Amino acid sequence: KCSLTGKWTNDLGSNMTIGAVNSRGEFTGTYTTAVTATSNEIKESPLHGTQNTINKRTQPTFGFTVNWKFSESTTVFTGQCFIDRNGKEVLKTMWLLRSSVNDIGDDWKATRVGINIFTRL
């Protein structure tokens, strides 16, 4: 019932487009963040992920990686597709944003965490 393919926007105004989900739960897309910590121009960035198919849930868990094109960083998102009380779909996700550090001693400070809620455009 709750399918990742298509166009989504989040609570921060960011957009993503996810393509077809193949029989193995794999998908690809693009991500346009509306926000950045960096002082660079934001670029559309590719994403790759999977959606869990065990017991063929109508509201499956999923995960994807966003490989940013304007920074040395990587973000991963994980969450679940729900059908809220109206029949409306909603992705409830959490993410980790990993920055690059030069030295292994700075590893401790390299990872940020937050949430995003996506709905269809």
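Heads up: residue numbers just count along the shown sequence, starting at 1.
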* To do: Report the stretch with the higher mean CA temperature factor, choosing between 18-26 and 98-106 on the basis of the entry.
  => 18-26
* Asked: On average, are the C-alpha B-factors higher in 4-12 or in 111-119?
  -> 4-12
* Reading the B-factor column of the entry, which of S39, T93, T75, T61 has the highest value at its C-alpha atom? -> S39
* Should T33 be placed in the lowest, middle or highest third of its chain by the C-alpha B factor in the entry? -> middle
* Asked: Should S45 be placed in the lowest, middle or highest third of its chain by the C-alpha B factor in the entry?
  -> middle
* What third of the chain, by the recorded C-alpha B-factor, contains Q51? -> middle
* With respect to C-alpha B-factor, does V66 fall in the lowest, middle or highest third of the chain as deposited? -> lowest
